[PDB]
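Student: Just the first chains of my complex for now:
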Amino acid sequence: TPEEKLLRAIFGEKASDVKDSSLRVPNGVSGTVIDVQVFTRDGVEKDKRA
């Protein structure tokens, strides 16, 4: 809506086109991470971690 146009024009926010869908700890839970496991599809390249 127009007011964000005005705001970005004032402050020059690029406003990139991508969301934040990360995994986070459920509220209240508090612990230690003991291991991590990664499963990749056959065609996809493997990351450094994997």
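Tutor: That came through, no problem. Numbers count the residues shown, from 1 in each chain, chains lettered A, B, ... in the order given.
Student: Tell me the spacing between the residue nearest to the spatial centre of chain A and residue A:40.
Tutor: For chain A, residue A:20 is the residue whose C-alpha lies nearest the centre (Cα atoms, centre = their mean; 3.8 Å). Separation of residue A:20 from residue A:40 (Cβ to Cβ, to the nearest Å) stands at 23 Å. Backbone N, C-alpha and C define where each C-beta goes, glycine included.
Student: Could you export stretch A:7-16 as CSV, CA atoms only?
Tutor: The C-alpha trace of stretch A:7-16 is given here as CSV (Å, rounded to 0.1, in the frame of the first residue of the first chain):
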residue,chain,number,x,y,z
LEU,A,7,8.7,4.7,3.6
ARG,A,8,11.0,2.8,1.2
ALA,A,9,11.5,5.9,-0.8
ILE,A,10,12.5,7.8,2.3
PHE,A,11,14.9,5.2,3.6
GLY,A,12,15.9,3.3,0.5
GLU,A,13,15.1,-0.3,1.6
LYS,A,14,15.8,-2.8,-1.2
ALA,A,15,13.3,-5.3,0.1
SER,A,16,14.6,-8.5,-1.4
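Student: quick one, phi/psi of the residue nearest to the centre of chain A?
Tutor: phi -120, psi 100 (degrees, to the nearest 10).
Student: do residue A:23 as well
Tutor: Backbone geometry at residue A:23, expressed as degrees, to the nearest 10, gives phi -90, psi 130.
Student: swap in residue A:3?
Tutor: Taking degrees, to the nearest 10 as the convention, residue A:3 sits at phi -60, psi -30.
Student: show me where chain A has helices.
Tutor: A:2-11 (DSSP state H).
Student: one step back: distance of the residue nearest to the centre of chain A from residue A:43?
Tutor: Separation of residue A:20 from residue A:43 (Cβ to Cβ): 26 Å.
Student: How many residues are close by residue A:1?
Tutor: By other Cβ atoms under 10 Å, 5 other residues sit near residue A:1.
Student: typed the wrong thing, it's residue A:37
Tutor: Neighbours of residue A:37 under the rule other Cβ under 10 Å: 5.
Student: Sequence for chain B below, add it please:
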Amino acid sequence: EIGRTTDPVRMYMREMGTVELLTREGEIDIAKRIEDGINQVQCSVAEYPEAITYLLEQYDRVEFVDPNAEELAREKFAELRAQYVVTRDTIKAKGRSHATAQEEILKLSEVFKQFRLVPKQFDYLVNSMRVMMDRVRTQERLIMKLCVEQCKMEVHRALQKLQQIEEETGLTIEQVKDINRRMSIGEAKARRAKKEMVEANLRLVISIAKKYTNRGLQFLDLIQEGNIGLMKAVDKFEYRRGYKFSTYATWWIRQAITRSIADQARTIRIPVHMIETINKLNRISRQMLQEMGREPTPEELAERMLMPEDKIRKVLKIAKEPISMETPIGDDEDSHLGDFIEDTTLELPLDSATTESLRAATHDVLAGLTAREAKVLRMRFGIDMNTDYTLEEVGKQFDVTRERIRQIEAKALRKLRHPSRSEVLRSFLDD
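Tutor: If we add chain B to the chains shown above, we get the following:
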């Protein structure tokens, strides 16, 4: 005896059981009678000359290859045109329905029958008769009613319209009625003939259908679609070929059933070709699974189908069918999948309040700015007003100069960038 068997399948089978099969002789008998009816209607159509005129004119207007005569079309129709034209003169020669003119008409029809006509033109010709028949009947039912009820054998007053109808038609009413009723009789014979084969072969339809019934649409839908196919096949069958009827009919029945099961039976309608590809995929997977003794990886499957890997992957993901909103997800049949699904369209009361606050704050900050600067910024971004007016419109309204508006905006940005004024707007920083 009917035990109120409400099952529609039982009613269908009970109704179809009465008609008994007959083979190798009837099919020839009924086919002969169908062809006889069609020949009768074609002959009687050829009898009517104005239909021939109209068809020839329509041919001339428009302007299809390989006619079954027991620039090819134009040169073959040139002599037919000449014959028809020279036959018109003989009809004018000393006899309206003279035996010689009738013989010429007969030979013209004999030559004409040797050609092939597109069925749509044949229907057009039939309706060209139906329209005038209905017109003449409608304009005269009132005169017949009046002569029957009042005269019992005005008269000359009503005779004017009857004479006008003859003048418009330009032909004897009696022959028109003869040809029309002959149309009706021939068509009736043809129709009543085809019913017999159709009612005879319903069992064939049943067998072919039940071969496909394994959990598709439903039994009766398959049966009815097959019956459509059977009607088509009865239309297309020729005994002259000398083959058994079933051999021909089965292809049309399978085609109809399979085409319907492709079109319907899915909520999201996959086109036909994709259905064929998925069926190939499944037929290959079974055989390849039993050969290797396990499930085939998509790469090996792609190798066998001679298709690129991505295509196979796309088909695999497209294949799946939607899941019912009432599936019981809880072990106890109390909670259903439907209660578990969230609405996405709604916004949050938090964000609504935030938007309202933002609008108020922007209005407060803008009000503190210079009047012309404030109205310019409103006019440019469409703030508070229904639409945003472009640079040219603002220039022609306030001050023609284009670059002056650019300088106004530059100064407004400079002012609102001053840290004093912007303090509250920073709170809308993360967004």
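Student: try the neighbour count of residue A:1 again now we have chain B.
Tutor: 10 (other Cβ atoms under 10 Å in any protein chain shown).
Student: Not counting sequence-adjacent ones, nearest residue to the residue nearest the centre of chain B?
Tutor: Closest residue to the average C-alpha location of chain B: residue B:263 at 12.5 Å, with Cα atoms, centre = their mean. Excluding its sequence neighbours, the residue lying closest to residue B:263 (Cβ to Cβ, 6 or more residues apart in numbering or on different chains) is residue B:269, at 7.1 Å.
Student: right, and the residue nearest to the centre of chain B touches residue B:275 too?
Tutor: No. Residue B:263 is beyond contact range of residue B:275, at 9.3 Å (criterion: Cβ atoms under 8 Å).
Student: Next up, the contacts around residue B:188.
Tutor: Under the criterion of Cβ atoms under 8 Å, 6 or more residues apart in numbering or on different chains, residue B:188 has no contact partners.
Student: Also residue B:139?
Tutor: Applying Cβ under 8 Å, 6+ apart to residue B:139 gives the contacts B:161, B:165.
Student: if I look at it, how far off is residue B:132?
Tutor: Residue B:139 is 11 Å from residue B:132, by Cβ to Cβ.
Student: If you tally nearby residues, what's the number for residue B:104?
Tutor: If we define neighbours as other Cβ under 10 Å, then residue B:104 has 19 of them.
Student: which residues does it contact?
Tutor: If you count contacts by Cβ under 8 Å, 6+ apart, then residue B:104 has B:87, B:90, B:91 around it.
Student: tell me the contacts of the last one?
Tutor: Contacts of residue B:91 were listed using Cβ under 8 Å, 6+ apart, and they are B:49, B:98, B:101, B:104.
Student: Now, of these, which are buried?
Tutor: For the contacts of residue B:91, a burial check counting by 16 or more other Cβ atoms under 10 Å in any protein chain shown picks out B:49, B:101, B:104.
Student: Chain A versus the second one, what's the distance?
Tutor: Relative to chain A, residue B:101 is positioned 83 Å away (Cβ to the nearest Cβ, to the nearest Å).
Student: What helix or strand is that residue located in?
Tutor: helix B:99-113 (DSSP states H and E).
Student: With residue B:14 instead?
Tutor: With DSSP H and E as the criterion, residue B:14 is inside helix B:8-17.
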